[PDB]
Structures are given as structure tokens and as C-alpha cells.
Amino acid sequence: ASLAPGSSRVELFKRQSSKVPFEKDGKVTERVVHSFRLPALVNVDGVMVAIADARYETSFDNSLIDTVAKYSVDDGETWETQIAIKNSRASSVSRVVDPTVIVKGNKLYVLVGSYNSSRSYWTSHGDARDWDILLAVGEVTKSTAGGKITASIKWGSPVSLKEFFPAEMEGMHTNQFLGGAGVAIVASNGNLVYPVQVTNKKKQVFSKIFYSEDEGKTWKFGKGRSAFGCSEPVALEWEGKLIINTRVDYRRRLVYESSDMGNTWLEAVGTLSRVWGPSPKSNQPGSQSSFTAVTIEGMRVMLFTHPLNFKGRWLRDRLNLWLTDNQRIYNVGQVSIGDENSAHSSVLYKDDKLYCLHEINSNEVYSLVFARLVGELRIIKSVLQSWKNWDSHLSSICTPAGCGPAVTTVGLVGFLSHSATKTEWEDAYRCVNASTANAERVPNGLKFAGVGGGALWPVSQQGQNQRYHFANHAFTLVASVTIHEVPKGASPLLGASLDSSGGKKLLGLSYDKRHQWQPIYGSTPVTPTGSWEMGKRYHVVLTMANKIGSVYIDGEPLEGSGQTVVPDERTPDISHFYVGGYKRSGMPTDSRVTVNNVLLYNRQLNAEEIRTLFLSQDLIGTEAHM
């Protein structure tokens, strides 16, 4: 339970306690609600709106559900309650579901699925007999009446958008669709954009972008789609693309990019795709996720939440929040408390305060808690100042022949330099440390010695959540090194390992008893090349892209460098990077070397940025700057 220092919370929508105005046959009554689910928390012009399911009788998905809203004009001290949308009232189990919310001006656009009488889960329905898809538009107006600031919201009659759903898509016959739940966006050209989950007559699930250029009068689907198996998509716009982050049951979450309103989808292999696991071993159901772009203290970042689900199934305990600038991926920490069940969530950033509406579940009775994320916003601002300082400090270095090109920070993701503890080498970017053994701190890095010496920067080793999954598609690992002793055989100095030992490599660099380098390319025959001297430091660059590895000493490729390291159409799964040894006592090499300033970029640096880092190795360390 990390609800941070100075952060606190209330139980806003109290299961079996909070009442709503329930309407039926021309009569409104105050009704105690069983469970509140599917939190959507937004800002309309300074009115904090909280939208959710009111699951009246039971938390069963297929039961009687209206869309409730609660709205506050004082940043969630007091709230007014209403029912935003009501179901058909056609049976005891009629329902409007997966409320998905777009804010635009003083308007709230809410899309829901609607079901009349089925008790089966929607993905199992072989047709659309019980289903409709409805947009209701709520309008917020703002008074300062009788002295104090007041507000209300008038909700419109839902309008069916079923006319806008084609009966065919590529290679399939359509079935039903719903919003991804949570909060959607207005694009920077003004369009309304819902990422939606859709099923076909084969009952497969897959995600699309459903949009409107006309304030919601009419609706299109992007031509493209996600893989099958992708559900509850949640989307934001980042630097002119849509980022569509999807739930994938029993798998790691797939993230996609689309630069043309969803006409073409490319998997975001270089950044965020397959980063987040739905459970420790990613073999459990996943979750709805809050996924938004904000500007905090002048930097555009993204915020993402998803339960860790230690418990497995749909329990979905331990809601975590993540920060990213589409390069570094920082775990802010756990928002929910202890081991409580805590599946959906909605993060709002408003007037430079952070808030989160999330579920808590005990025994299938759900409340939505409203939390003030003050400590979290503090951690975030600190991590961001850190990102800003290192990028600015690296980028103002005057690189030598006054000045050559700046040290590149585009795509720099991790940085091991001057800070280290007794057993860890610290990421200056503060997201992923390397563990160490037999490590002696020297300026801007470590000196390693003896069997099992070295550092380990985890890749797949990060566990359920893998920030460095990009490395499987491209990376550049850079480092200054010095060999202090002539090894007895070939010893490692640096590389990306595919297994836990370091014995099955993707790409690495070793050095041998003959004073030669042994760059290693996958499982290819190793060929010693070049020459070094005990005591001279050297600059080393490993790049991999397009399934091609290359090794540089002092800014210059080794002879025969640029070989195939991925020997077929399967994607590697890198376990970790090893630095200055294997950091394994089972591996019988002894690397006696010093390694300074390890940089990890999410791309193949080009000739010039490699030559700049080389000539700049003495200027980039963190040493002076702490």
C-alpha cells in the first residue's frame, strides 16, 4: 500500500449505502445501490464530474444498471448526485454498460452499450438481438447563485449510433461493440475519438477507433484494427499520433500507434507495447486502465494505471500508477491500499492537483474511492525535474571539435554513471537500477573484479512489467571501459543476454588472452578481431536494429561488424544486459575491468551521435552534478 505521504482518500460511492435518484414509470425514488463500478473521472470547465455504473442489485455484470454521475464544484469536497443515463427498463436485468466519457467544451459525451434482458456475458452472445449502442450528451452550465459557486448538468435523451455500425469489416461479420469504458479524448483537430471493442460472429474480440468530426452527429470507424484478443482499449494523442493501449487476457498488453484516425495501426514495439503485464506471470485476466497525456510543470507526459493482480482471476489487487515520456517508464507506486481488490481507475489532473477515482472490492461488493494523490504528484514532479536536468545537462555539454554536435538525448532511456550503493548502480533516469557484485565505486562508474563480478540491468528480468521491452526490437548500449588484467580465456565486458546466465547472447563484446576483442553475434561462430592494451580505456557501442548487431570501439566498427543476431522471424526476449562481468558466480570467467557512463537508448544511434558520445566520454558523467 503506497497511498503516498500527504495523499489521502474518501469512499465517494459507498457500496450498499450511497443512494441515487432511481426512475421508473414516471416516478423518481432515492435507491440504495449495491455496487458502483467502471469509474470515469473528468474535468468539465472546473466541474469535477465522476461517472460510473450504478449496479443496483448485485455486482454481476448482467444485472440492473443505470449510469450514475456525481459532480463537485469545489474539487470534490461536496458532490451532487444524479442518474446520467437510464436503461430500457425492459426486464429485471436491463442495463447501460461500460460508460465511456469524452469532455469537450461544457459538454460530456457518454457512450454506452445497452441490453434488455440477457444474463450471459456479451462476448458469448452469438448475435446482436439484445444489444444497442447509445450516445447521451450531458451539458454542464455554471452559476454563482445566492453568493456561492453552483452547477448543474442537464442530460439529453440517448441517441442510437447503431446506424453507424457496418455489417461487414475486413474478413468478418460484425456482432456488437462498446466503448473501452474510462475516459476518451477530443483530438487536436477537434474530433471526438472513442477507442472501442468490437466482436464478430466468430465471437472474436478486437479494437477499433470510432470517431466524429461533427460534435457527435455522425460516426466513422478507422479502416484499421488491433490484433484479435484486444479488449477495453484506452487512447490518448501524443505528438500527433493516437496511442491505443489495449487489454489482452492472459497476455501482456498490446499498445498501438495510429497517425491517420485509425486507418493504419502499427504496434508500438519501440516504446510501450508489451511493457505492462496483467499479473505477475501475465497468465491472468487483465483490466480497464486510465491512460492520459497531461502537461506537468511544462513537460508533456503520459499517466497509466493497471492493477498488479497478485491474487489472479478478476480479483485485480494493487493498483499501480506509471509515468512516462514515451522513453522512460517510471513506477509512481501503488495507489490502492494494502492488498485490497482494486481493478478500474480514473486519473484526473486538475489545476495542478492529482486525483484518482478507483474501485475497491471486498467479496464482490464494490465502492469507488476518491483519492487526493498529493504525495504522488510530488514524486512525479521530482522524477520529471530529474528527467529535465539530465537531458538539459547532457544537451548543453560543449562537445569537442568551440563546439561539435550535442550529446543526443532523443531516445536515451537509462544512464549508469556516478551514483551507486553497495549493491546497486543507479539509473540517473530513476526507473531501472542495475544490481552489482564486486563493485568498487570509481568516478562516473564501477570497477569490477573476480568470479561473479559485474552489473546486471534487467530487461525481461524486470518481471511483470518490462520497461526495456523495446530492446528486443532496437537498442544502443554505450560505455567507457578499461581492462586491468589479461584474462585467462575470453571474458565478457558488455552485452544483451537472452538467457539468465549470459551464456546465450543476442549481442555482446568479450576480450581474450591474445589482446583481441570477441564481439559475439547471436549464436554465430565468434571471430577475435582488433587489439587492445591492458590499462587503456576505450569507448564501446553496441547497436541492434533490423535484426542486425554492430560493435564499435572508439567510434569505429569492428571488422566484419553488422551481422544478423535474430536468426528467424521470432522476436527475441532479452533477459538482461550484463556490464563488466556476468554478475553470476556460476559463470567461471573473472572480468577485471572498469566501466563508466553506460547509456541505453531505444534506437540505433547513427554514425554522428556515436562519434559525439565517443569524443565526449570525458564530459558526460554525473560526478560533478550532485
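Heads up: residue numbers just count along the shown sequence, starting at 1.
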Missing residues, deposited sequence, between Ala145 and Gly146 (class: none, 1 to 3, 4 to 9, 10 or more): none
Would you tell me which stretch averages the higher CA B-factor in the PDB entry, 240-248 or 121-129? 121-129
Of 371-379 and 354-362, the stretch whose C-alpha atoms average the higher B-factor in the entry: 371-379
Out of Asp427, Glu556, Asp317, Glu232, which shows the largest CA B-factor listed in the entry? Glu556
From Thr399, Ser345, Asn309, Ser273, pick the one with the largest CA B-factor in the entry? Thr399
Comparing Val44 with the other modelled residues of its chain, is its CA B-factor in the lowest, middle or highest third? highest
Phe165 - Cα temperature factor, lowest/middle/highest third of chain: highest
Among modelled residues of the same chain, the CA temperature factor third for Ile153: highest
Within-chain third of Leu108 by Cα B-factor, per the entry: middle
Lowest, middle or highest third of the chain for the C-alpha temperature factor of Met587? highest
